[PDB]
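Colleague: sharing the initial chains of the complex here, in place:
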Amino acid sequence: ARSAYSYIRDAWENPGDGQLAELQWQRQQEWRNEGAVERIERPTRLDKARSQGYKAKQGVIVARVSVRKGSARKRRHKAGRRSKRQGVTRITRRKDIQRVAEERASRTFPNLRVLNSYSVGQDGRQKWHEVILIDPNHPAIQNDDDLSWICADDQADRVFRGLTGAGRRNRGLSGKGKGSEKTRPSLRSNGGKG
């Protein structure tokens, strides 16, 4: 039978309808008054969290992170630029707001590592995403098979190297065929052309 979860999920198909709608109209208010990075004890979307790797266990943390909405906050040129490069208004960053969030969060928790993250809505000027982090040093995790992998040294600062999932996706690594000539095995190895 439908897992209880399947409802939480199906409810977020349309965060702007029914109960979840009013729920959002309410939370965002307490949210717009919280900080940039707020550790929360329980995921607002259990289905997603668990799905992405969550687990009500020790060494597993969650936090909501808001990021301004819109294009890059860029400063106009203070020196000679050809027309092509005189833009300001329409320039956008190559790292999606979600990745911006995963980083702001990971930096708040220096000892932890980013496991995954998911969206939780957006008002008129900001977006919130919840980030799942892991204490790679807690024995409760060092012994959990479905997670101990994230303890490896080579996993250190993974979000800043784009190893997160939202990272690999934002890196054009989705497709394994046509279209990913300049993305795999790395953007930098392809002379940054993707």
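Modeller: In hand now; what should we look at? Numbers count the residues shown, from 1 in each chain, chains lettered A, B, ... in the order given.

Colleague: list the buried residues of stretch A:27-41.
Modeller: A:27-28, A:31, A:37-38 (16 or more other CB atoms under 10 Å). Any C-beta I mention is one placed from the backbone N, CA and C, and that applies to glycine too.

Colleague: and it, end to end?
Modeller: 15 Å (CA to CA, to the nearest Å).

Colleague: what's it in contact with?
Modeller: With contact meaning CB atoms under 8 Å, 6 or more residues apart in numbering, stretch A:27-41 is reached by A:44, A:61-66, A:104-105, A:108, A:121, A:123, A:126, A:128, A:130.

Colleague: so after the longest helix seen in chain A, what's the next helix or strand?
Modeller: The longest helix of chain A (DSSP state H) is helix A:18-31. Sequence-wise, the next helix or strand downstream of helix A:18-31 (DSSP states H and E) is strand A:37-39.

Colleague: helix or strand right after that following strand?
Modeller: As assigned by DSSP H and E, the chain's next helix or strand after strand A:37-39 is helix A:46-52.

Colleague: residues of that following helix that come out buried?
Modeller: Across helix A:46-52, burial judged by 16+ other CB under 10 Å covers A:47-50, A:52.

Colleague: can you list those in a markdown table and add distance to residue A:83?
Modeller: Listed next are the buried residues of helix A:46-52 as a markdown table, based on distance: CB to CB, whole Å:
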| residue | distance to residue A:83 |
| --- | --- |
| A:47 | 49 |
| A:48 | 45 |
| A:49 | 47 |
| A:50 | 51 |
| A:52 | 44 |
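
Colleague: tell me the SS of the residue of chain A most remote from its centre?
Modeller: When distances are taken from the C-alpha mean of chain A, residue A:80 lies farthest, 36.6 Å away, according to CA atoms, centre = their mean. Secondary structure, DSSP: H, G, I helix; E, B strand; the rest coil: residue A:80 is coil.

Colleague: how about the one 10 residues further on?
Modeller: Here residue A:90 is recorded as coil under three-state DSSP.

Colleague: so residue A:146 makes contact with residue A:55?
Modeller: Yes. Counting by CB atoms under 8 Å, residue A:146 touches residue A:55, with 7.4 Å between them.

Colleague: looking at these two, which one has more neighbours?
Modeller: A count of neighbours by other CB atoms under 10 Å puts residue A:55 above the other of residue A:146 and residue A:55, at 17 against 9.

Colleague: you'd agree the more buried one is in a strand?
Modeller: No. Counting by three-state DSSP, residue A:55 falls outside a strand, being coil.

Colleague: for it, phi and psi?
Modeller: phi -180, psi 120 (degrees, to the nearest 10).

Colleague: tack on chain B:
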Amino acid sequence: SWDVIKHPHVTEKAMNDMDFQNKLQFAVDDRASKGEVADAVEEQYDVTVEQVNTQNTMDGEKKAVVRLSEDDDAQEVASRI
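Modeller: Okay, here's chain B dropped in alongside the others:
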């Protein structure tokens, strides 16, 4: 650890203080206070320290002018070492 007294500062001027004011001059470690310098001396030499003046020398060392009590005699002390 570091020792409080390095050695006797022996020079003409130091002699005077010794032969005239019952004063013994020492080259001590720069982290040593007057009181520390005081004790250390009353010990390694067995005497009564009345007063001690210090000065950080242009040699990177701290000089200490120590005056003994009227009982003890500077000349008599310094003589043995």
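
Colleague: go back to the contacts of stretch A:27-41, now with chain B?
Modeller: Here stretch A:27-41 makes contact (CB atoms under 8 Å, 6 or more residues apart in numbering or on different chains) with A:44, A:61-66, A:104-105, A:108, A:121, A:123, A:126, A:128, A:130.

Colleague: which two in those are spaced the farthest apart?
Modeller: The most widely separated members of the contacts of stretch A:27-41, counting by CB to CB, are A:61 and A:123 (24.8 Å).

Colleague: tell me where chain A has helices.
Modeller: A:5-11, A:18-31, A:46-52, A:97-108, A:139-142, A:165-170.

Colleague: can you pull the buried residues of the first one?
Modeller: Yep, that's helix A:5-11 we're talking about. A:8, A:11 (16 or more other CB atoms under 10 Å in any protein chain shown).

Colleague: what residues does that helix touch?
Modeller: Applying CB under 8 Å, 6+ apart, the set of residues contacting helix A:5-11 is A:18-20, A:45-48, A:50.

Colleague: could you dump that helix to CSV, C-alpha only?
Modeller: Extracted in CSV, the C-alpha atoms of helix A:5-11 (Å, rounded to 0.1, in the frame of the first residue of the first chain):
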residue,chain,number,x,y,z
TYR,A,5,5.6,9.0,2.9
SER,A,6,4.1,8.9,-0.6
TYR,A,7,1.6,11.5,0.7
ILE,A,8,4.2,13.9,2.0
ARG,A,9,5.7,13.6,-1.5
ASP,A,10,2.5,13.9,-3.5
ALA,A,11,1.7,16.9,-1.4
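
Colleague: rewinding a little: in JSON lines, list the helices of chain A along with distance to residue B:37.
Modeller: Below are those laid out as JSON lines (distance: least, CB to CB, whole Å):
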{"stretch": "helix A:5-11", "distance to residue B:37": "76"}
{"stretch": "helix A:18-31", "distance to residue B:37": "66"}
{"stretch": "helix A:46-52", "distance to residue B:37": "68"}
{"stretch": "helix A:97-108", "distance to residue B:37": "52"}
{"stretch": "helix A:139-142", "distance to residue B:37": "54"}
{"stretch": "helix A:165-170", "distance to residue B:37": "64"}
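
Colleague: tell me which of those lies nearest to residue B:16.
Modeller: helix A:97-108 (68.1 Å).

Colleague: in that closest one, what counts as buried?
Modeller: For helix A:97-108, by 16+ other CB under 10 Å, it's A:97-106, A:108.

Colleague: of the contacts of stretch A:27-41 - the most surrounded one?
Modeller: residue A:105 (27 neighbours; other CB atoms under 10 Å in any protein chain shown).

Colleague: my read: that one touches residue A:63, true?
Modeller: Yes. With contact defined as CB under 8 Å, residue A:105 counts as touching residue A:63 (5.4 Å).

Colleague: give the residues shared as contacts by those two.
Modeller: Common neighbours of residue A:105 and residue A:63 (CB under 8 Å, 6+ apart) are A:37, A:131, A:133.

Colleague: put chain C on too:
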Amino acid sequence: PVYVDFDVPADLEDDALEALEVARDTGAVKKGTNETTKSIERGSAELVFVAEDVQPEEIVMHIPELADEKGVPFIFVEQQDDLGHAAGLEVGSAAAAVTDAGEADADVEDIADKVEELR
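Modeller: Following on from the chains above, chain C is added here:
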């Protein structure tokens, strides 16, 4: 609160909670939203319990409307950790379900009614 459409009088609550402990020894109960949920689905639900202090609310929003289209009666508990203790758990429980009470039927039977009556 968003899924709560009626308040259960403090005392009425006690009765429900009492019937639960006895049902946890005379018959069967379901602890945890997932199990509760499948009961209401597999019809094997007599009376289900839902806490009023749950965050996120998503976890439970579906109970009411789901039950209300399966006949299965349901009552509200104010504290999440009493429901847990009642079900027989050390920890608290968001919502639980009574699967075939036991020496608690009359009570339950009436609670089911008592609530219907409370609209």
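
Colleague: back to the buried residues of stretch A:27-41, now that we've got chain C?
Modeller: A:27-28, A:31, A:37-38.

Colleague: stretch C:55-75 too?
Modeller: Here stretch C:55-75 shows C:56-64, C:66-67, C:70, C:72-75 as buried, counting by 16+ other CB under 10 Å.

Colleague: number of nearby residues for whichever residue of chain B sits closest to chain C?
Modeller: Nearest to chain C in chain B, going by CB to the nearest CB, is residue B:1, at a distance of 56.7 Å. Look at residue B:1: counted by other CB under 10 Å, it has 2 neighbours.

Colleague: that one should be in a helix, yeah?
Modeller: No. Under three-state DSSP, residue B:1 falls outside any helix and is assigned coil.

Colleague: relative to residue B:43, how far out is it?
Modeller: Remark: distance between residue B:1 and residue B:43 (CB to CB, to the nearest Å) = 15 Å.

Colleague: which residues in chain C form helices?
Modeller: Secondary structure of chain C by DSSP H: the helices cover C:10-26, C:33-41, C:58-61, C:63-67, C:80-87, C:105-118.

Colleague: quick one, which of those helices gets closest to residue C:96.
Modeller: Once those are compared by CB to CB, helix C:80-87 is nearest, at 4.6 Å.

Colleague: only the buried residues of that closest one, if you could.
Modeller: Going by 16+ other CB under 10 Å, helix C:80-87 has these buried residues: C:80, C:82-87.

Colleague: is there proximity between it and chain A?
Modeller: No. Figure legend: helix C:80-87 not in contact with chain A (CB under 8 Å from any CB of the partner chain); closest approach 11.5 Å.

Colleague: tell me who's in contact with the residue nearest to residue C:8 when sequence neighbours are not counted.
Modeller: Excluding its sequence neighbours, the residue lying closest to residue C:8 (CB to CB, 6 or more residues apart in numbering or on different chains) is residue C:76, at 4.6 Å. Taking CB under 8 Å, 6+ apart, we find residue C:76 in contact with C:4, C:6-8, C:13, C:49-52.

Colleague: residue C:108 too?
Modeller: Contacts of residue C:108 by CB under 8 Å, 6+ apart are C:19, C:23, C:46-47, C:98, C:101.

Colleague: neighbour-wise, which of the residues you listed leads?
Modeller: residue C:98 (30 neighbours).

Colleague: follow-up on the earlier one: got JSON lines for the buried residues of helix C:80-87, with distance to residue A:70 too?
Modeller: Converted to JSON lines, these look like this (distance: CB to CB, whole Å):
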{"residue": "C:80", "distance to residue A:70": "39"}
{"residue": "C:82", "distance to residue A:70": "47"}
{"residue": "C:83", "distance to residue A:70": "45"}
{"residue": "C:84", "distance to residue A:70": "45"}
{"residue": "C:85", "distance to residue A:70": "49"}
{"residue": "C:86", "distance to residue A:70": "50"}
{"residue": "C:87", "distance to residue A:70": "48"}
